[PDB]
**Q** 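Pasting in a structure now, in structure tokens, and then I'll have a few things to ask.
Below, all heavy atoms of this structure are taken into account, side chains as well, without hydrogens, waters or symmetry copies. Whatever order the structure lists them in is the order used to number ligands and atoms, beginning at 1. Sequential numbering from 1 along the given sequence is applied to the chain's residues.
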Amino acid sequence: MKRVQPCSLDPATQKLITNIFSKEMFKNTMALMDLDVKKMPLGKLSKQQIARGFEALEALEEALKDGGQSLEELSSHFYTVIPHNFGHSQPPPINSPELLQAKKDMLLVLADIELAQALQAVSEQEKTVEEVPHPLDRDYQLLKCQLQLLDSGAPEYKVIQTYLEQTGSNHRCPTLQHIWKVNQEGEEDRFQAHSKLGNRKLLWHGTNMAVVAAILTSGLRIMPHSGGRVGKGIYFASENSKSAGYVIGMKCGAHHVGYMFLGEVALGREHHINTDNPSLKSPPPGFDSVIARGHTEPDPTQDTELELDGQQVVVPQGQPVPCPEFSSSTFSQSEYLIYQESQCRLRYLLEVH
Ligand SMILES: C[C@H](NC(=O)CCc1nc2ccccc2c(=O)[nH]1)c1ccc(S(N)(=O)=O)cc1
């Protein structure tokens, strides 16, 4: 009988680790994506199944763009590979770009749920040691990501709170509960490659609770089937309200808990666009980033800076104001795009209610 060592984590961090590895959380997310958890339990999810789903979506995409299989037949194959639940009615045929991308996105999220399950598999060294860490220590250790909870008077704390408050929704701004500093080392080496590149900004990235463990383990990633209104890159926002739209939170007790990242992004020379371009795979030549510019932007006259690893990083502090040059943009709020994973380092994780 092995000893369970006492937990080293503070209460807030124990809660985070409980939440981002929660089996209920993961199954709730699968239900929210219309998956049939009975047919596709967490422990049964595999990389092969996910890869087969992407092959089925690739066939669908080719059909959508002959005498090949019907969209219904090809949809049926996808739905056999990745079981869905629509209260035991037929699932719907995947017959639009929008629905195709929504299934790609679902699988990208499912891939990160499978990553978290794979991470948790018990190693052989763990079966042999006579003492084990507390389970929340074990789970924290698996991330290979240093988290340090910040208190009120950490130098950046007020700056981050201000960014959240001034750029979050005016009527029901998310309520800040915790901030952690995030150090995923060996993001370090690849990030140091952009050390010459100025124009760094701290930007919001909101996400599903179900992908937080994966992000902490592996950083923000660009995968083969990722897409959106500015193409195949990593998406950020300068307005918390925009990123908060992507936060899938979870009911815990009387409240709704969600997580948002702050990334330091080396934007370099910006290419500004004012119309959607879902086909982009890089900036144009001589540019380091693409900014889909919104009707509004956090008032640039109120920008401050933080010093992170000896570099100045801009942090907006202003309420959003109108930008006359982009009053006719297809974007209400800006989307900031990088097309190399190396141009972002995770810096902070916020718990918001
Ligand atoms: C489908 C899901 N996408 C998101 O979570 C997008 C979240 C998001 N989109 C934004 C778009 C514009 C501006 C801001 C954001 C943002 O803050 N989050 C996703 C989840 C996981 C992955 S992975 N496993 O390839 O690293 C990729 C994509």
**Q** Can you name the nearest heavy-atom pair linking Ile234 to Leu220, along with the distance?
**A**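 Closest heavy-atom pair between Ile234 and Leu220: CD1-O, 3.7 Å.
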
**Q** Report the nearest protein non-hydrogen atom to atom 6 (C) of ligand 1: residue, atom name, distance rounded to 0.1 Å.
**A**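 Looking at atom 6 (C) of ligand 1, the protein heavy atom closest to it is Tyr246 CD2, 4.5 Å.
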
**Q** Should the pair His178 and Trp180 be assigned to parallel (<30°), tilted (30 to 60°) or perpendicular (>60°) ring geometry?
**A**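 Because their plane-to-plane angle lies in the 30° to 60° range, the rings of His178 and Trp180 count as tilted.
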
**Q** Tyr348 and side-chain hydrogen bond (donor to acceptor under 3.5 Å, both in side chains): which partner among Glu264, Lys181, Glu156?
**A**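 Among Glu264, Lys181, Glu156, the one meeting side-chain hydrogen bond (donor to acceptor under 3.5 Å, both in side chains) with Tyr348 is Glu156.
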
**Q** Which value, rounded to the nearest 0.5 Å, describes the distance between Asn19 atom CG and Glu24 atom CD?
**A**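 Here the rounded value is 12.0 Å.
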
**Q** What atoms of ligand 1 come closer than 4.0 angstrom to any heavy atom of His205?
**A**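 By the 4.0 Å cutoff, the relevant atoms are 17 (O), 18 (N).
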
**Q** Using 0.5 Å steps for rounding, measure from the CZ atom of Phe26 to the CD atom of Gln117.
**A**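 The CD atom of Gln117 is 5.5 Å from CZ of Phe26, to the nearest 0.5 Å.
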
**Q** What are the atoms of ligand 1, with element, lying closer than 4.0 Å to any heavy atom of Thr207?
**A**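 In order of number, 5 (O).
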
**Q** Quick check: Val109 and ligand 1, any N/O pair under 3.5 Å apart?
**A**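 No.
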
**Q** Taking the non-hydrogen atoms of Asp112, is any one of them nearer than 4.0 angstrom to ligand 1?
**A**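 In this structure, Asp112 qualifies as a contact of ligand 1 - some heavy atom is under 4.0 Å.
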
**Q** Is there a protein heavy atom less than 4.0 Å away from atom 3 (N) of ligand 1?
**A**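 For atom 3 (N) of ligand 1 the answer is no, since every protein heavy atom stays at 4.0 Å or beyond.
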
**Q** Is it the case that atom CD in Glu130 sees more than 12 heavy atoms from other parts of the structure closer than 6.0 Å?
**A**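 For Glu130, atom CD is not crowded (no more than 12 foreign heavy atoms under 6.0 Å).
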
**Q** Does any N or O atom in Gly206 lie less than 3.5 angstrom from one in ligand 1, N or O only?
**A**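 Checking ligand 1 against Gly206, an N or O pair does fall under 3.5 Å apart.
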
**Q** With atoms numbered from 1 as shown, which atoms in ligand 1 lie under 4.0 angstrom from a non-hydrogen atom of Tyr235?
**A**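 Result: 10 (C), 11 (C), 12 (C).
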
**Q** Of the backbone atoms (N, CA, C, O) and the side-chain heavy atoms from C-beta on, which set of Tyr336 has a member under 4.0 Å from an atom of ligand 1: side chain, backbone, both, or neither?
**A**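 It is neither; nothing of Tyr336 touches ligand 1.
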
**Q** Within the structure provided, determine whether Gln311 and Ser195 are in side-chain contact (heavy-atom separation under 4.5 Å).
**A**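 Answer yes - side chains close enough.
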
**Q** Can you sort out which atoms of ligand 1 are near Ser243, meaning under 4.0 Å from one of its heavy atoms?
**A**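 Within the 4.0 Å cut-off of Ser243, ligand 1 contributes 14 (C), 16 (C), 17 (O).
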
**Q** If every non-hydrogen atom of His77 is compared with every non-hydrogen atom of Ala56, which pair is closest and at what distance?
**A**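 Residues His77 and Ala56, closest heavy atoms: CD2-CB, 3.7 Å.
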
**Q** Which ligand 1 atoms does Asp105 reach within 4.0 Å, using its non-hydrogen atoms?
**A**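 The atoms of ligand 1 under 4.0 Å from a heavy atom of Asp105 are 1 (C).
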
**Q** For the pair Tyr79 and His84, name the ring-plane relationship: parallel under 30°, tilted 30 to 60°, perpendicular over 60°.
**A**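 Judged by the thresholds at 30° and 60°, the geometry between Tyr79 and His84 is perpendicular.
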
**Q** Write out the residue and atom name of the closest protein heavy atom to atom 13 (C) of ligand 1, then the distance separating them to 0.1 Å.
**A**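 Of the protein heavy atoms, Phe236 O, 3.8 Å lies nearest.
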
**Q** As an exercise, identify every atom of ligand 1 less than 4.0 angstrom from a heavy atom of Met223.
**A**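 Selected atoms, number and element: 25 (O).
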
